[PDB]
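A short write-up of the structure that comes next.
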Amino acid sequence: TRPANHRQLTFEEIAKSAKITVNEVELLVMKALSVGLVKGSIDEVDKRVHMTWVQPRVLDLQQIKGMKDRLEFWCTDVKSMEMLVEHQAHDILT
Amino acid sequence: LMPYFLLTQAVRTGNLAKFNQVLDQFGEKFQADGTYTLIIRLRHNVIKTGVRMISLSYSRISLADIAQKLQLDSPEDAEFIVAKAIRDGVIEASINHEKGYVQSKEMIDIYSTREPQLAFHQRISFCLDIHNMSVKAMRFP
Amino acid sequence: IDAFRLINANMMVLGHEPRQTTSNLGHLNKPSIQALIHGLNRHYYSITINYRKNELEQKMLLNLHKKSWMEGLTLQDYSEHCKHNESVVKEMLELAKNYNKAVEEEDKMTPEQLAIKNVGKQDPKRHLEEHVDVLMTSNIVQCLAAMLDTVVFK
Amino acid sequence: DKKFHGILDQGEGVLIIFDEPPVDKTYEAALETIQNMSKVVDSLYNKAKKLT
Amino acid sequence: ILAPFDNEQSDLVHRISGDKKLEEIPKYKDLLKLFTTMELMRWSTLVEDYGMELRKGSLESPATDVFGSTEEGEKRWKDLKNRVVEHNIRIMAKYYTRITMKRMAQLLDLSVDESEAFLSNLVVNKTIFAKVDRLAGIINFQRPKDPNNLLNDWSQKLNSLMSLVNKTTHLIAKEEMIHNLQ
Amino acid sequence: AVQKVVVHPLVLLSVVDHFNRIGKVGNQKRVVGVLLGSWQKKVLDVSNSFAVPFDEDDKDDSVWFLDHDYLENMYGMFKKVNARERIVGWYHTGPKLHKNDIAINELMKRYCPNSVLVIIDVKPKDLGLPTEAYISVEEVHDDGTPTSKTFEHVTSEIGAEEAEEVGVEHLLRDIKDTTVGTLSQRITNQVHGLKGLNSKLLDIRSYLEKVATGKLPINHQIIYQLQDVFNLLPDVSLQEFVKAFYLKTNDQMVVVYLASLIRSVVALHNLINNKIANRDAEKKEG
């Protein structure tokens with residue numbers, strides 16, 4: 001659910017989202033790393049976890065619209081930065 | 001050079017009336033060369049040399065100590081040159097006007113800043129020019 | 001290649017010169033002396049040829065043979081490229097020490113002599129501009145290709 | 001004596017220990033070329049500046 | 001279990017596994033299961049389930065070889081303790097970044113000074129790297145300075161990305177040819 | 001199973017001439033022929049080919065023909081005239097992956113075990129490499145059918161050879177991009193491959209045409225990679241990824257700054273080498 005900007009949740013949020021105490025979520029996430037459903041790292045003193053990879057799920061005809069528009073302005077970025085190269089190095093090779 | 005070399009001796013120092021000890025000794029010599037009107041305004045550049053000199057040396061210095069070292073005779077505008085030192089951009093850091101100390105932050109990684117490439121890009125493009133001028137001036141035979 | 005065809009040895013007996021040149025197209029390519037040692041030109045002749053070329057084929061061997069896909073949108077052994085930027089420069093010091101040597105023995109014996117004499121050992125001067133091309137294109141490519149992935153990839 | 005490197009504290013005796021081989025190869029082995037090349041331009045005076 | 005850690009031990013668990021007739025003992029099928037898998041129950045929660053079966057069965061004499069000579073037992077009580085106090089420290093280096101000193105000693109059920117003697121003789125053994133502290137209690141695992149590995153691992157992620165965007169492209173164009181071919 | 005394939009430019013060309021020889025049919029014909037080669041060291045090699053007579057009618061397009069006697073005797077001649085050579089599989093002219101190529105491969109797998117196919121191009125326009133090859137894998141698996149079999153692309157490139165490199169480089173004699181210096185990379189993959197990434201961004205834009213309107217099978221195994229790409233989208237510019245980037249620019253440019261400094265001195269030593277040949281001949285010669 002979280003974006004790729006942070007995806008860095010805390011242990012207190014799991015204590016809210018799973019109503020389980022603080023002294024068991026570390027035992028929980030070490031199981032989750034062992035099975036292979038998630039790939040991330042665990043801090044203990046700043047009480048946060050750096051999740052990096054999550055298991056791919058399925059999605060309906062609405063999340064493709066998210067992959068529609070997030071893909072679409074990545075087209076012009078490949079266009080824009082290349083347009084310098086065919087203009088600035090044009091005489092270097094015709 | 002000896003009257004004029006003694007002038008820039010005062011500039012590399014931070015003393016204030018050392019400028020006055022030159023401008024009475026050789027104030028007549030500068031008017032013979034016809035240059036006095038540029039000489040008279042060096043006191044702006046003496047004080048910006050000094051405030052860069054003191055702020056880089058001392059980290060947390062009282063504003064009621066810098067004036068006695070620059071023989072400024074007044075702490076009440078010793079805040080104020082530092083205000084124009086930040087307005088011009090000589091030193092960055094803050095002044096505890098309630099207490100009296102002027103703290104300065106320690107410098108950080110200037111190596112991993114873009115600015116040494118600007119020391120390069122002036123000279124990358126310049127050194128390719130003189131290689132081109134060595135080509136353009138060679139094959140006259 | 002040089003395709004051939006026979007001529008009659010009966011007309012070689014006649015001493016008569018065949019083939020009755022009527023166009024300014026035959027005597028363009030000269031035969032080798034080694035083929036002239038053999039039966040040319042006493043029993044056969046040469047033929048000028050060319051090649052039938054067309055967009056049917058010429059476009060599709062050019063734009064099919066020397067092509068690549070990722071060789072350039074990728075980086076190059078990032079901890080070792082900067083390491084290779086010392087593997088050349090280190091001996092480039094002492095190669096410049098030879099360039100701090102060889103110019104110093106000029107205003108001397110007539111540098112046409114400085115061509116025949118220096119054929120046992122390597123000169124600085126030509127070798128010293130050799131690495132400058134290498135130490136440039138290895139850097140300017142790898143610096144530019146890294147600074148596009150910052151823009152394109154997020 | 002640089003047999004070990006670190007820092008010593010005076011208030012409570014805290015030894016902040018750190019290590020890095022910083023870099024030496026890239027700059028000073030490229031710095032000495034510059035003073036080699038300075039002597040080459042000096043030796044250009046003995047075939048150009050005197051001569052033409 | 002009792003062998004020191006090695007790559008030879010890392011497939012020794014596989015050489016003894018894959019045995020149809022070893023798993024007839026329900027205890028010892030779980031014993032090697034514990035050390036292939038994740039974090040172990042501490043030491044006390046295991047010995048209450050496994051420090052009692054060494055009498056039972058029809059199998060007691062190599063366990064009597066553990067029990068009988070008590071100085072051989074003391075070498076084998078503590079080396080069994082040594083492998084399981086180590087089994088935490090492998091994976092705590094692998095899956096944690098920065099843990100407190102008090103938290104680790106609690107998962108070992110022993111003194112904080114006794115914890116420091118454990119991490120001392122493993123990193124002068126340099127088989128687990130660690131940079132501990134004795135003022136904030138803040139230790140950390142696999143934390144070098146990293147000057148060059150940032151952009152190096154970043155360049156790795158480009159090539160993994162660019163190999164994947166080529167995977168889908170020649171997989172879409174066939175998928176349109178199984179619905180609208182003719 | 002197979003690392004990669006190696007294609008010579010002869011067999012690349014030895015389909016085009018047959019595509020000319022059947023080009024007088026006008027209406028529709030795909031060139032299908034027998035591919036010969038010798039795979040060694042887990043690397044697929046392709047050497048020689050011909051084409052077998054093959055026709056196709058559009059109504060009930062499951063009716064193909066391979067005149068196997070033409071396959072028997074001509075390979076028997078080719079096994080005679082080159083016993084090093086053998087069968088390696090087959091090919092077809094491959095515009096758009098026609099439907100019969102699901103059992104053509106199963107028709108003639110009794111000769112080659114890994115009967116590989118090759119899709120070529122007859123009208124070249126791309127920015128990639130216009131030779132494609134698949135492989136045969138089958139599955140009693142996840143969702144589709146009890147009998148399921150789908151082709152998978154093993155990577156493809158045009159191998160060269162010391163004999164044929166003499167030929168093709170004589171046969172080009174055309175516009176070339178030789179003298180690889182600072183500029184060949186700029187145009188082989190900096191002008192070009194950035195636009196090569198266009199048609200792959202735009203390719204997954206073409207599958208995206210089914211949001212509510214396109215074809216009826218929806219996703220299931222297409223989006224696990226697309227979920228990963230936005231997940232494996234690279235790191236943002238906040239960390240020492242900013243700082244260590246300025247670090248190496250502050251190292252890579254120093255080598256360029258030294259190397260350009262050398263370039264000025266060398267041509268200056270060349271300048272005196274022309275002032276030695278200018279002044280010391282005008283008094284001598286005149």
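The chains in the structure tokens are called A, B, ... from first to last as shown; in each chain the residues are counted from 1, and the ligands are counted from 1 in the order shown.
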Hey, could you make a per-residue contact list for chain A against chain F with 12 Å as the cut-off, showing the nearest pair of atoms and its distance in Å to one decimal, counting only C-alpha atoms, sorted by chain and number, as a Markdown table?
| residue | atom | partner | partner_atom | distance |
| --- | --- | --- | --- | --- |
| A:1 | CA | F:231 | CA | 11.7 |
| A:2 | CA | F:231 | CA | 11.0 |
| A:3 | CA | F:231 | CA | 9.0 |
| A:4 | CA | F:231 | CA | 6.7 |
| A:5 | CA | F:236 | CA | 7.6 |
| A:6 | CA | F:236 | CA | 9.9 |
| A:7 | CA | F:231 | CA | 10.7 |
| A:51 | CA | F:231 | CA | 11.3 |
| A:52 | CA | F:231 | CA | 8.4 |
| A:53 | CA | F:231 | CA | 7.3 |
| A:54 | CA | F:231 | CA | 8.5 |
| A:55 | CA | F:224 | CA | 9.0 |
| A:56 | CA | F:224 | CA | 5.6 |
| A:57 | CA | F:224 | CA | 7.0 |
| A:58 | CA | F:220 | CA | 7.0 |
| A:59 | CA | F:223 | CA | 8.2 |
| A:60 | CA | F:219 | CA | 8.6 |
| A:61 | CA | F:211 | CA | 6.2 |
| A:62 | CA | F:211 | CA | 8.2 |
| A:63 | CA | F:211 | CA | 9.8 |
| A:64 | CA | F:211 | CA | 7.1 |
| A:65 | CA | F:211 | CA | 7.3 |
| A:66 | CA | F:230 | CA | 10.6 |
| A:67 | CA | F:226 | CA | 8.0 |
| A:68 | CA | F:208 | CA | 7.0 |
| A:69 | CA | F:205 | CA | 10.3 |
| A:70 | CA | F:230 | CA | 8.7 |
| A:71 | CA | F:201 | CA | 7.9 |
| A:72 | CA | F:205 | CA | 8.1 |
| A:73 | CA | F:201 | CA | 10.7 |
| A:74 | CA | F:201 | CA | 8.2 |
| A:75 | CA | F:201 | CA | 6.8 |
| A:76 | CA | F:198 | CA | 9.4 |
| A:77 | CA | F:198 | CA | 10.1 |
| A:78 | CA | F:194 | CA | 6.9 |
| A:79 | CA | F:195 | CA | 7.7 |
| A:80 | CA | F:194 | CA | 10.4 |
| A:81 | CA | F:194 | CA | 8.8 |
| A:82 | CA | F:194 | CA | 6.4 |
| A:83 | CA | F:191 | CA | 8.8 |
| A:84 | CA | F:191 | CA | 9.3 |
| A:85 | CA | F:191 | CA | 5.9 |
| A:86 | CA | F:191 | CA | 6.1 |
| A:87 | CA | F:191 | CA | 9.7 |
| A:88 | CA | F:191 | CA | 10.3 |
| A:89 | CA | F:186 | CA | 7.9 |
| A:90 | CA | F:191 | CA | 9.2 |
| A:91 | CA | F:183 | CA | 10.6 |
| A:92 | CA | F:183 | CA | 6.9 |
| A:93 | CA | F:187 | CA | 7.2 |
| A:94 | CA | F:187 | CA | 9.6 |
DSSP helix (DSSP H, G or I) selection over segment 15-124 of chain B, as a PyMOL selection string: chain B and resi 18-23+27-33+36-39+43-57+63-69+78-88+115-124
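Taking only C-alpha atoms into account, chain F lies nearest to C:132 out of the set C:132, C:115, C:37, C:95.
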Nearest candidate to residue 64 of chain E (options E:110, E:135, E:155, E:76; using only C-alpha atoms):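 Selected residue with least distance to residue 64 of chain E: E:76.
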Find the nearest atom pair between each residue of chain F and chain C for residues within 7 Å, count only C-alpha atoms, give distances in Å to one decimal, sort rows by chain and ascending number, and present the table as JSON lines.
{"residue": "F:124", "atom": "CA", "partner": "C:60", "partner_atom": "CA", "distance": 6.5}
{"residue": "F:128", "atom": "CA", "partner": "C:69", "partner_atom": "CA", "distance": 6.0}
{"residue": "F:129", "atom": "CA", "partner": "C:67", "partner_atom": "CA", "distance": 6.2}
{"residue": "F:130", "atom": "CA", "partner": "C:64", "partner_atom": "CA", "distance": 6.6}
{"residue": "F:158", "atom": "CA", "partner": "C:65", "partner_atom": "CA", "distance": 6.3}
{"residue": "F:172", "atom": "CA", "partner": "C:62", "partner_atom": "CA", "distance": 6.6}
{"residue": "F:181", "atom": "CA", "partner": "C:137", "partner_atom": "CA", "distance": 6.7}
{"residue": "F:182", "atom": "CA", "partner": "C:137", "partner_atom": "CA", "distance": 5.0}
{"residue": "F:185", "atom": "CA", "partner": "C:72", "partner_atom": "CA", "distance": 6.6}
{"residue": "F:189", "atom": "CA", "partner": "C:72", "partner_atom": "CA", "distance": 5.2}
{"residue": "F:190", "atom": "CA", "partner": "C:72", "partner_atom": "CA", "distance": 6.9}
{"residue": "F:193", "atom": "CA", "partner": "C:69", "partner_atom": "CA", "distance": 6.8}
{"residue": "F:234", "atom": "CA", "partner": "C:153", "partner_atom": "CA", "distance": 6.4}
{"residue": "F:236", "atom": "CA", "partner": "C:154", "partner_atom": "CA", "distance": 6.9}
{"residue": "F:252", "atom": "CA", "partner": "C:139", "partner_atom": "CA", "distance": 6.5}
{"residue": "F:256", "atom": "CA", "partner": "C:136", "partner_atom": "CA", "distance": 6.1}
{"residue": "F:259", "atom": "CA", "partner": "C:132", "partner_atom": "CA", "distance": 5.6}
With a distance cut-off of 12 Å and only C-alpha atoms, select the neighbouring residues of residue 4 of chain B, excluding the residue or stretch itself and same-chain residues fewer than 5 positions from it, and output the selection as a PDB file with N, CA and C atoms, in the first residue's frame.
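And here's result05.pdb as it stands now:
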ATOM      1  N   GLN B   9      50.830  45.057   2.590  1.00  0.00           N
ATOM      2  CA  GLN B   9      51.173  44.447   3.866  1.00  0.00           C
ATOM      3  C   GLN B   9      50.058  44.657   4.882  1.00  0.00           C
ATOM      4  N   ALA B  10      49.448  45.842   4.877  1.00  0.00           N
ATOM      5  CA  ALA B  10      48.331  46.124   5.764  1.00  0.00           C
ATOM      6  C   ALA B  10      47.059  45.397   5.361  1.00  0.00           C
ATOM      7  N   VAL B  11      46.937  44.991   4.098  1.00  0.00           N
ATOM      8  CA  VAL B  11      45.692  44.388   3.636  1.00  0.00           C
ATOM      9  C   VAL B  11      45.628  42.924   4.053  1.00  0.00           C
ATOM     10  N   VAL B  22      49.584  53.967   7.191  1.00  0.00           N
ATOM     11  CA  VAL B  22      50.136  54.094   5.849  1.00  0.00           C
ATOM     12  C   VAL B  22      49.679  55.398   5.209  1.00  0.00           C
ATOM     13  N   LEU B  23      48.385  55.698   5.321  1.00  0.00           N
ATOM     14  CA  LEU B  23      47.731  56.789   4.603  1.00  0.00           C
ATOM     15  C   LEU B  23      48.101  58.172   5.123  1.00  0.00           C
ATOM     16  N   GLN B  25      51.603  58.362   6.204  1.00  0.00           N
ATOM     17  CA  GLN B  25      53.006  58.302   5.820  1.00  0.00           C
ATOM     18  C   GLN B  25      53.185  58.488   4.321  1.00  0.00           C
ATOM     19  N   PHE B  26      52.320  57.886   3.511  1.00  0.00           N
ATOM     20  CA  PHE B  26      52.457  57.929   2.062  1.00  0.00           C
ATOM     21  C   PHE B  26      51.178  58.422   1.405  1.00  0.00           C
ATOM     22  N   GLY B  27      50.442  59.296   2.092  1.00  0.00           N
ATOM     23  CA  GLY B  27      49.267  59.893   1.483  1.00  0.00           C
ATOM     24  C   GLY B  27      49.602  60.877   0.386  1.00  0.00           C
ATOM     25  N   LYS B  29      52.380  60.504  -1.597  1.00  0.00           N
ATOM     26  CA  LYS B  29      52.942  59.734  -2.700  1.00  0.00           C
ATOM     27  C   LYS B  29      51.852  59.185  -3.612  1.00  0.00           C
ATOM     28  N   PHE B  30      50.697  58.835  -3.045  1.00  0.00           N
ATOM     29  CA  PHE B  30      49.620  58.244  -3.829  1.00  0.00           C
ATOM     30  C   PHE B  30      48.950  59.266  -4.732  1.00  0.00           C
ATOM     31  N   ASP B  33      51.024  59.630  -8.073  1.00  0.00           N
ATOM     32  CA  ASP B  33      50.675  58.625  -9.067  1.00  0.00           C
ATOM     33  C   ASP B  33      49.237  58.749  -9.548  1.00  0.00           C
ATOM     34  N   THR B  35      46.151  57.988  -7.843  1.00  0.00           N
ATOM     35  CA  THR B  35      45.409  56.764  -7.574  1.00  0.00           C
ATOM     36  C   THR B  35      44.677  56.797  -6.239  1.00  0.00           C
ATOM     37  N   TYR B  36      44.622  57.955  -5.571  1.00  0.00           N
ATOM     38  CA  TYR B  36      44.191  58.028  -4.177  1.00  0.00           C
ATOM     39  C   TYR B  36      42.714  57.686  -4.009  1.00  0.00           C
ATOM     40  N   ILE B  39      42.320  54.189  -3.365  1.00  0.00           N
ATOM     41  CA  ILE B  39      42.992  53.801  -2.127  1.00  0.00           C
ATOM     42  C   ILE B  39      42.088  54.027  -0.925  1.00  0.00           C
TER      43      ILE B  39
END
Which residues come within 12 Å of residue 112 of chain B, counting only C-alpha atoms, excluding same-chain residues fewer than 3 positions away, as an MDAnalysis selection string? (chainID B and resid 108:109 115:117) or (chainID E and resid 147) or (chainID F and resid 240:251)
